[PDB]
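J.: One structure, pasted below without further comment.
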Amino acid sequence: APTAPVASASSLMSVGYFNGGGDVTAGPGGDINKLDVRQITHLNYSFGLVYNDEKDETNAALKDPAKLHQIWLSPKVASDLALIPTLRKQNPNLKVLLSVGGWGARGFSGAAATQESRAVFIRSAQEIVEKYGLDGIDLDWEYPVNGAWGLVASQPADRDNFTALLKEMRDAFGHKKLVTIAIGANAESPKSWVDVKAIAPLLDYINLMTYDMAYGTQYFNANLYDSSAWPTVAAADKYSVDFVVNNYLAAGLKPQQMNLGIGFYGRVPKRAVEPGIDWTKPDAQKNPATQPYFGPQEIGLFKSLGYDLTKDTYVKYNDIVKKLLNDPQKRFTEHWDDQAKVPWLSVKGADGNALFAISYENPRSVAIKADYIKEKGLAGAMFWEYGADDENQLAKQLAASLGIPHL
């Protein structure tokens, strides 16, 4: 122990995404004038996009050749960023970052390719951070090298180009603005996509996207540990939050550099609606490891509730409460998994059998993830996102369980 006491240690972090830009699919984000920021230490306003020359880009605004490699702010994003000072009144020590990228956002591979292209991107970030009085920039490139399985352009040079982009961004911003990233759950991310040891000293912290695991042959979307009763069939699909954290610790990231991402939403597992393939098998597609257990009645049920499960499986927590838990016909039965430490709902099939419909986060499971953050010595939590929460209930539980102090 020290010979003299030290000042009060700063609290754990809670980094909340506010998806004010929205999507073309989901429409614009929420109303920044109604946003309550009392439960967070850092706000990631999302998303800025990247002007790019990828052939498959559909956003015509991003194709301006005069602005290639710069950051694009939609009208809604630019309007909202001008309103940041009004949020600071609720939480004067709040740090606000602009997040650039997101799932399906093109342009990083080209922007990162050369010192010259990186310099254009960085100068754009500097101008935006300065002119809107932000505290820093967050980069959500999904993903260097892998390209989110071909969804965005990618090349092997992305790995070391990403390091260079972050190093040159830190050089330009200095030590008085924040630079952070979101990083994927996939085990291949630290192995092949991102040089975590090289980038960690450049970044204020790293947000782990410890969610979106309800794919392939896996049932749960953000199980803390493996579920004993619902095991994943193909080894490459076997994920848990603890597995992801341990992968990044083994790759050399320190606990104090990582926030644990929490999803304020649920997913219907892809295993319900699409054959799950074990790619290690011969004739893998001919002999699926799992087969869909939803039929037309269950697909139609979700359609009647506003979800086309062939296109997306995402259900906001507020809609889980309103449409599923509070379904007037009480068609969804609630369950708890003792090892995954998350809730899940079943529906009765046409054959009368209970079927695993969706796993998600509730206050109980969020409190458990907060206690795990404390147990593992992590830096705090990150969450996606305010517009999916139900009157900030998950954000409030998270703050209470982490001990975030009040104003």
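Laboratory data are not the source of any read-out in this text; all were calculated from the coordinates shown. Note: ideal-geometry Cβ built from the backbone for every residue, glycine included; neighbour counts use all protein chains shown.
J.: From Cα pairs below 8 angstrom and at least 6 apart in sequence, can you work out the relative contact order of the chain, rounded to a whole percent?
T.: 16
J.: Another question about this same structure. If packing is taken as the mean number of other Cβ atoms within 10 Å per residue, what is the order of 319-331, 63-75, highest first?
T.: Sorting 319-331, 63-75 by mean packing, highest first, produces 63-75, 319-331.
J.: Another question, then. Return the sequence-ordered ³J(HN,Hα) values of the stretch 178-190 in whole Hz as given by the Karplus equation 6.51 cos²θ - 1.76 cosθ + 1.60 applied to θ = phi - 60°, using x for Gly and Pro.
T.: Karplus values, whole Hz, x for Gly and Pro: 8, 10, 9, 9, 9, 10, x, 6, 4, 4, 6, 4, x.
J.: Here is a further query. According to the square roots a ≥ b ≥ c of the eigenvalues of the Cα gyration tensor, what is the shape class of the stretch 91-138, taking rounded for a/c under 1.5, prolate for a/b larger than b/c otherwise, and oblate for the remainder? Provide the component values of the computation, followed by the final result.
T.: Working: a/c = 3.51, a/b = 1.70, b/c = 2.06.
Oblate, since a/c reaches 1.5 and b/c is not below a/b.
J.: Largest first and to the nearest Å, give the Cα extent of the chain along each principal axis.
T.: Here the Cα extents, ordered largest to smallest, are 62, 54, 43 Å.
J.: Counting only DSSP beta bridges with both residues in the chain, what percent are antiparallel, rounded to the nearest 5?
T.: Taking every DSSP beta bridge within the chain, about 35 percent pair in antiparallel fashion.
J.: Kirkwood Rh and Cα-based Rg: tell me the resulting Rg over Rh for the stretch 320-407, rounded to two decimals.
T.: Dividing the radius of gyration by the Kirkwood radius yields 1.05.
J.: Apply the Karplus curve 6.51 cos²θ - 1.76 cosθ + 1.60, θ = phi - 60°, to the phi angles in the stretch 369-374 and return the couplings in whole Hz, x for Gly and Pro.
T.: Computed from phi, the couplings for the stretch 369-374 are 5, 4, 5, 5, 3, 5 Hz.
J.: Taking only the alpha-carbon positions of the stretch 50-101 and ignoring solvent, what does the Debye formula give for the base-10 log of I(q)/I(0) at q = 0.20, 0.22, 0.26 Å⁻¹?
T.: Scattering profile of the stretch 50-101, log10 relative to I(0): -0.76, -0.84, -1.01.
J.: To test your reading of the geometry: what angle, between 0 and 90 degrees and rounded to tens, separates the Cα axis of helix 115-131 from the longest principal axis of the chain?
T.: 90
J.: Translational diffusion coefficient, Stokes-Einstein: compute it for the stretch 172-320 using the Kirkwood radius over C-alpha pairs as Rh, at 25 °C and 0.890 mPa s, and state it as an integer in µm² s⁻¹. Could the numbers behind the result be given before it?
T.: Working: Rh = 17.2 Å.
My calculation gives 143 µm²/s for D.
J.: For the peptides 383-396, 156-169, 295-308, what is the packing order when you average, over each peptide's residues, the other Cβ atoms within 10 Å and list the highest mean first?
T.: 383-396, 156-169, 295-308
J.: Okay, moving on. Exceeding 24 Å between C-alpha atoms, which entries from my cross-link table qualify? They are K376/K396; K76/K322; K369/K396; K303/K396; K95/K167.
T.: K76/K322; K303/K396
J.: Assign one of three labels to the stretch 316-358, namely rounded, prolate or oblate, based on the Cα gyration tensor with a ≥ b ≥ c the square roots of its eigenvalues; rounded applies when a/c is under 1.5, prolate when it is not and a/b is larger than b/c, and oblate otherwise.
T.: Details: a/c = 2.44, a/b = 1.07, b/c = 2.28.
Oblate is the answer for the stretch 316-358, as a/c is 1.5 or above yet b/c matches or exceeds a/b.
J.: What are the residues whose amide H is under 5 Å from the amide H of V194, where those residues sit 5 or more places off or on another chain and H is modelled from the backbone?
T.: HN-HN under 5 Å from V194: empty list.
J.: Given the DSSP H assignment, sum -39500 (n - 2.57) over each helix run of at least 4 residues in the chain and divide by its residue total; what's the result at 222 nm in deg cm²/dmol, nearest 500?
T.: About -7000 deg cm²/dmol.
J.: Shifting gears a bit: Starting from the eigenvalues of the Cα gyration tensor, five times each then square-rooted, give me the equivalent ellipsoid semi-axes of the stretch 1-91, largest first, whole Å.
T.: Semi-axes (√(5λ), whole Å): 36, 18, 11.
J.: A further question follows. Rounded, prolate or oblate: which fits the stretch 273-376 when a ≥ b ≥ c are the square roots of the eigenvalues of the alpha-carbon gyration tensor, with rounded for a/c under 1.5 and prolate only if a/b beats b/c?
T.: Verdict is oblate for the stretch 273-376.
J.: I'd like to compare 21-28, 259-266: which one has the highest average count of other Cβ atoms within 10 Å, and what's the full order after that?
T.: Working: 21-28: 13.1, 259-266: 26.1.
Result, highest mean first: 259-266, 21-28.
J.: Let me ask another. Quick one: what does P(r) look like for the stretch 111-187 with 10 Å bins over all Cα pairs, in whole %?
T.: 18, 49, 27, 5
J.: Whose amide H sits under 5 Å from the amide H of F383, counting only residues 5 or more places off or on another chain, with H placed in the peptide plane?
T.: Amide H neighbours of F383: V15, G16, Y17, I262.
J.: Would you kindly derive the ³J(HN,Hα) couplings of the stretch 207-218 from the backbone phi angles with the Karplus curve 6.51 cos²θ - 1.76 cosθ + 1.60 (θ = phi - 60°), listing them in order in whole Hz, with x for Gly and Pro?
T.: 9, 7, 8, 7, 6, 6, 9, 7, 9, x, 9, 9
J.: Kindly express, to the nearest 10 degrees and within the range 0 to 90, the angle between helix 393-402's C-alpha long axis and the longest C-alpha principal axis of the chain.
T.: 70
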